[PDB]
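Residues per chain, in single letters:
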2 protein chains.
Amino acid sequence: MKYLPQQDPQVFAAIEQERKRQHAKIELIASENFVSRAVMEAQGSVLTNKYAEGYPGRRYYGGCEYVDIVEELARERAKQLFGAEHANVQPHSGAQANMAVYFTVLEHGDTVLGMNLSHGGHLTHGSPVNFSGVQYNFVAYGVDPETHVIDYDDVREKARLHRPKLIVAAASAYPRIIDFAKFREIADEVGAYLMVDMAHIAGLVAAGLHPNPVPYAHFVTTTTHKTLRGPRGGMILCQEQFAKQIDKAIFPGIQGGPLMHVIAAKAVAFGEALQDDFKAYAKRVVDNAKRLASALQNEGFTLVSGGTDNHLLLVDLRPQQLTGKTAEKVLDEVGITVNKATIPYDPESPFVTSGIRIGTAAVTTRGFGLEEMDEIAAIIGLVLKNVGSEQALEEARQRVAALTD
Amino acid sequence: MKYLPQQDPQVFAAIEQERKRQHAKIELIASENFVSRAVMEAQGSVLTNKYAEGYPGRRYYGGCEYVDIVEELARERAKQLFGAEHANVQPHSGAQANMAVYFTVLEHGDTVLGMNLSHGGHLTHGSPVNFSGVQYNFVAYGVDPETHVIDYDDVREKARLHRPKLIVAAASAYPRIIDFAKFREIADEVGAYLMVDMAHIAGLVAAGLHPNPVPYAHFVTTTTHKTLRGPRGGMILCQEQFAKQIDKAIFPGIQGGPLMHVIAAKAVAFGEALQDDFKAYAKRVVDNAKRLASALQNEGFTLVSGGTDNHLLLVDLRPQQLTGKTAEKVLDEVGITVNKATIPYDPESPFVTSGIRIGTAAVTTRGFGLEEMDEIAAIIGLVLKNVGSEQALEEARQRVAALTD
């Protein structure tokens, strides 16, 4: 940076702290990643100055010739990446992407069927403190209490009983492949739309490492910033028959001016994802998660569902008589960043929990591989088996530093 | 830029076109401005990588120590700027800022009283194609048909007849000072909350050049990117008694992860606004608008309300027998960027209009003064009086180029 250090010492000092923090810590928050310098440059461009309400070639302000090119690059690359008939790259966030789809097909009070929030469903999939649960009548399907895999007969029974207008598939904390064909079959049986929120797995889908929901879903929502490794924001993919309605839902429906600089960054990220090396990266993400899962089991940990098919895993800490809150806190003390996470049928509140959620997308981006996964697992074992030993924690601290250099 | 040109030639070429466009054109879109290089650097930072759901010291992810500092700088500087008891700097946009306030105090179908959308009210103040008009029962107050000033007796009568739960004051296209004391008096009479959407005038308020709504309103919403000259995003200011509810409305209510890099940029912009030179800038904005208004009248144009108290003006083109659409198109041909705009009691549709909206915030930022205002007015006169003369338009083109250098 050249201008920020002089203009705003306070903001610059804090940014620099954060930059150094990102290098020093082992980031295992499953939703996090590190964007490229090109992506950041796009976000830091003069495109922030441009009002561009509307869509390419159909704006409500003049002078959009070039931001139109950028938005079209985003849309076309997204369609190339996911094979969707239509893309809307304007959503400000995953929240807004979901909000727009709900606004498109639902009326206030309509019934929606989503994944149980304590089994891996997201806040925007019906939390009673979120607009989704306040605006619509959400019911939930569960995972099996033993296998922790989605119970598709439960999905079906809930659908048939409650007659939702919309079924939502996808998750913030589900470590296994989701069967979108089965979701669509159930949706078809009850005459409901199917929306897939692929936010967590979008990069894996792009790389052909998770089945693509696009052929099965009426709507697919996603964030651009998780496994897709793009800037912070949202996106909607849909069948051509919904394109007009979806676009109108985003604007004038729920948003105003789009963030053209973020949309530029989206295009850049999609460009990166189209490259062969992104596919290699995504395979390493999945390989690393499997290796980490296996290595954790070797250390004596129980995993929700017994492992992972994707980028993330959940440790069930009950065998160690630890809460997720306790584990999260002590791991923070040694420089490992995880989330506490509710495990299916968790006896604890969502504010305490019996689990931790871990993902490999970020550490894979920084070049970690199989050997590093083994060491991360070993450090976690050292820490969680010795929460009362400051010497153990200092050893862990030193081993964490050895990994980040 | 260093990395974008190599990574993504297509996106870079388009960004460069847009950058050159921003220099070449005379930007008179009233909502637009040019942010500082420091603001852009903040937006282009590694803060995009950080999930920070929740609030400073009360996050749902570890590792937020430094993004907390940044968000607190934004909040404290906002409070310094506007004298508000509480600030929420997380809204992704003006749309989301407004959405959150509505979510806080209103239930589905509640009555809200806002400014007539054809008299200067915003889309999010009750458009039937916007969430506001779909989710809530919006009624409208008008301006006087002669003076084009808000008719406060109409505000009062509409309030007393319809008994709104919330009254909204503020505008996207109102060229005069708004009397917030009168709005609060009316709100008090009918037992309604008062929300002021100061998006357009926020920079002028910060500079003491428009009365501050903060002392009179329960809620004040704003964008950070118009006269405030910050990054693209939103903000809510409110009394301490609503702080908890407002924060919960933003998260977990209507958004998820905040854009920490944009929030950094917000802090930077607020820092800039606190400086003496921003106050000088804002006075030049208002001075320039008055001069431009006077110069346009000298050229024979009629202005809505007969002039301006702020950064913006509206030309009523009926005396010239032109539509706003026609004027917007031909001005585009010569390198002057304006919006078509409905004038109060406009005989034309909102897609054609009888007016153009013009603001001075952007040209003032690039250093234009009184002499430049005279020339802009003269060029507009030349163009709109000679729409069928290619020689006149070429002269205009040359004079526009002379201004931008």
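The record lists X-ray crystallography as the method behind this PDB entry and 1.67 Å as its resolution.

The PDB entry annotates chain A as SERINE HYDROXYMETHYLTRANSFERASE originating from Bacillus stearothermophilus. Regarding chain A, the UniProt comment filed under Subcellular location (unreviewed entry) reads as follows: "Cytoplasm". Regarding chain A, the UniProt comment filed under Sequence similarities (unreviewed entry) reads as follows: "Belongs to the SHMT family."

Visitor: Which parts of the structure should I look at to understand the sheet that holds strand β10 (residues 234-238) of chain A?
Guide: Strand pairing in a sheet is mediated by backbone hydrogen bonds. Such pairs are either parallel or antiparallel. All names here are of chain A. Strand order in the open sheet made by the 7 strands is β4-β10-β9-β8-β7-β5-β6, with mixed pairing throughout. Only two strands of the sheet have a single neighbouring strand rather than two, namely β4 (86-88) and β6 (137-141). On average, adjacent strands in this sheet sit at an angle of 20° to one another, irrespective of strand direction. Contacting β6, β7 (166-169), β8 (193-197), β9 (219-223) and β10, helix α5 (residues 94-105) crosses the sheet at an angle of about 160° to β9. In the packing of helix α7 (residues 152-162) onto the sheet, the strands contacted are β5 (111-115), β6 and β7, and the crossing angle to β6 comes to about 150°.

Visitor: Please explain helix α8 (residues 180-190) of chain A as it appears in this structure.
Guide: Along an α-helix, a turn takes 3.6 residues, which lines up residues three or four apart on a common side. Residues and elements named next belong to chain A. Inspection of α8 places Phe 180, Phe 183, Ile 186, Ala 187 and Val 190 among the buried residues, and these make up the whole buried set. The buried side chains of α8 occupy one side of the element, clustering within an arc of 120° when seen end-on. The inward-facing, buried residues of α8 contact β6, α7, β7 and β8. Where α8 begins, one side-chain oxygen reaches toward the backbone nitrogen of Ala 181, 3.2 Å away; that side chain belongs to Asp 179.

Visitor: Help me understand the sheet that holds strand β15 (residues 355-359) of chain A, please; the structure alone is not making it clear to me.
Guide: All names here are of chain A. Strand order in the open sheet made by the 4 strands is β11-β12-β15-β14, with antiparallel pairing throughout. Lying at the two open borders of the sheet, with one neighbouring strand each, are β11 (302-303) and β14 (339-341). Packed on one face of the sheet, helix α12 (residues 276-298) meets β11, β12 (312-316) and β15 and runs near 15° to β12. Here helix α13 (residues 324-334) sits on the sheet in contact with β14 and β15, set at roughly 50° to β15.

Visitor: I would appreciate a short explanation of the relation of the copies chain B and chain A in the present structure.
Guide: Between the two copies of the chain lies a rotation about an axis combined with a shift along it. Superposition of chain B onto chain A requires a rotation of 180° combined with a translation of 0.0 Å along the rotation axis, giving an RMSD of 0.0 Å. These values place the two chain copies in the arrangement generated by a two-fold rotation axis. Rotation axis and chain B: the residue whose C-alpha lies nearest the axis is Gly 44 of chain B, separated from it by 1.9 Å.

Visitor: Sorry if this is basic, but what is going on with the environment of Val 101 of chain B here?
Guide: All names here are of chain B. On the secondary structure map, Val 101 appears in helix α5 (residues 94-105). On the basis of relative accessibility, which here comes to 0%, the residue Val 101 falls in the buried class. Considering only alpha carbons, one finds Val 101 and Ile 201, 100 residues apart in sequence, at a separation of 19 Å.

Visitor: What is the right way to read the pairing of β9 of chain A from this model?
Guide: Working note: regular strand, side chains alternate between the two faces of the sheet. All names here are of chain A. Burial analysis of β9 places 5 of its 5 residues in the buried class, the great majority of the element. Burial along β9 is two-sided: the residues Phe 219, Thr 221 and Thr 223 and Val 220 and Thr 222 are all buried. The sheet contact formed by β9 and β10 spans 5 bridges and is antiparallel. Among the inter-strand pairings, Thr 223 is bridged to a residue of β10, identified as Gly 234.

Visitor: Even after reading the chapter, I still don't get the interface of chain B and chain A, so can you show me in this structure?
Guide: Size of an interface, as often reported, equals the accessible area lost when the parts are brought together. With 80 residues of chain B at the contact, the number on the chain A side is 80 residues. Carbon and sulfur atoms supply 58% of the area that chain B and chain A bury against each other, a total of about 7200 Å² over both sides. The three residues of chain B that bury the most area against chain A are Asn 49, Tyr 51 and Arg 232 of chain B, which together make up 10% of that side's buried surface. Notably, a salt bridge pairs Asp 8 of chain A with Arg 77 of chain B, separated by 2.7 Å at the nearest N-O pair. Where chain B packs against chain A, one counts 44 residue pairs in polar contact. Elements supplying a minimum of two residues to the side of chain B that touches chain A: α1 (4-7), α2 (9-24), α3 (37-43), α4 (65-82), α5, α6 (131-135), α10 (240-254) and α11 (260-273) of chain B. Broken down by element, the residue count for the side of chain B that touches chain A peaks at 9 residues, all from α2 of chain B.

Visitor: I keep staring at the pattern of salt bridges and nothing clicks. Help me out?
Guide: Note that side chains of opposite charge can pair when their charged atoms are close. Residue and element names in this part refer to chain A. As enumerated under the stated definition, the model contains 46 salt bridges over all chains in all. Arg 176 serves as the salt-bridge partner of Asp 309, at 2.9 Å between the closest nitrogen and oxygen. Here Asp 309 is found in the loop between β11 and β12, whereas its partner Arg 176 is found in the loop between β7 and α8, with 133 residues between them in sequence. It is possible to trace a salt-bridge network through shared partners that takes in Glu 18, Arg 21 and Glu 27.

Visitor: Before we go on, may I ask you to explain the UniProt feature "binding site: pyridoxal 5'-phosphate 2" (unreviewed entry) in chain A in this structure?
Guide: Mapped onto this structure's residue numbering, the UniProt feature "binding site: pyridoxal 5'-phosphate 2" (unreviewed entry) falls at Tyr 51, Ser 93, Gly 94, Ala 95, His 122, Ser 172, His 200, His 225 and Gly 257 of chain A. Taken along the chain, the residues just named run across 207 residues; in space they spread out, the farthest C-alpha pair reaching 32.8 Å. With respect to the secondary-structure elements, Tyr 51 of chain A resides in the loop between α3 (37-43) and β2 (54-55). Owing to a relative accessible area of 7%, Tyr 51 of chain A belongs among the buried residues under this scheme. Excluding residues that lie within four positions of it along the chain, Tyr 51 of chain A makes contacts with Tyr 61, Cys 64 and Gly 257 of chain A together with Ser 31, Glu 32, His 225, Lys 226 and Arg 232 of chain B. Looking at the secondary structure, you find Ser 93 of chain A in the loop between β4 and α5. Setting aside residues up to four positions removed in sequence, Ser 93 of chain A forms contacts with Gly 233 and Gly 234 of chain A together with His 92 of chain B.

Conventions adopted
- As a convention, residue numbering begins from 1 on each chain and follows the written sequence, not necessarily the numbering found in the entry; residues with no coordinates do not appear.
- Chains and ligands are labelled sequentially in the order written, the chains with letters from A and the ligands with numbers from 1.
- Side-chain calculation: all heavy atoms of the structure are included, whereas hydrogens and water are not.
- UniProt positions are given in the numbering used here, feature names are shortened, and annotations may be inferred rather than shown by experiment.
- Strand pairing follows a simple DSSP-based rule, namely that at least 2 bridges must link the two strands.
- Only DSSP runs of H or I reaching four residues or more are called helices, and only runs of E reaching two or more are called strands; each is numbered from the N terminus.
- Lines fitted to C-alpha atoms define the axes here, with helix axes fitted over just the stretch in contact, and angles between the N-to-C directions of these axes take values from 0 to 180 degrees.
- For this analysis, residues touch if any pair of their heavy atoms sits within 4.5 Å.
- Partly exposed residues are those whose accessible area sits between 20% and 50% of the maximum for their type, while under 20% is buried and over 50% is exposed, using a 1.4 Å probe and protein chains only.
- Directions from the helix axis toward the C-beta atoms define the arc.
- Any pair of N or O atoms that falls within 3.5 Å is considered a polar contact. Within protein, one atom must be able to donate a hydrogen and the other to accept it, and sequence-neighbouring residues count only if both atoms are side-chain atoms.
- Here the copies are laid over each other by least squares on the C-alpha atoms.
- Here's the idea: put two parts together, see how much 1.4 Å probe accessible area each one loses, and the total over both is what we call buried area.
- Every case where a carboxyl oxygen of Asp or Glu lies within 4 Å of a side-chain nitrogen of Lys or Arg is listed as a salt bridge.

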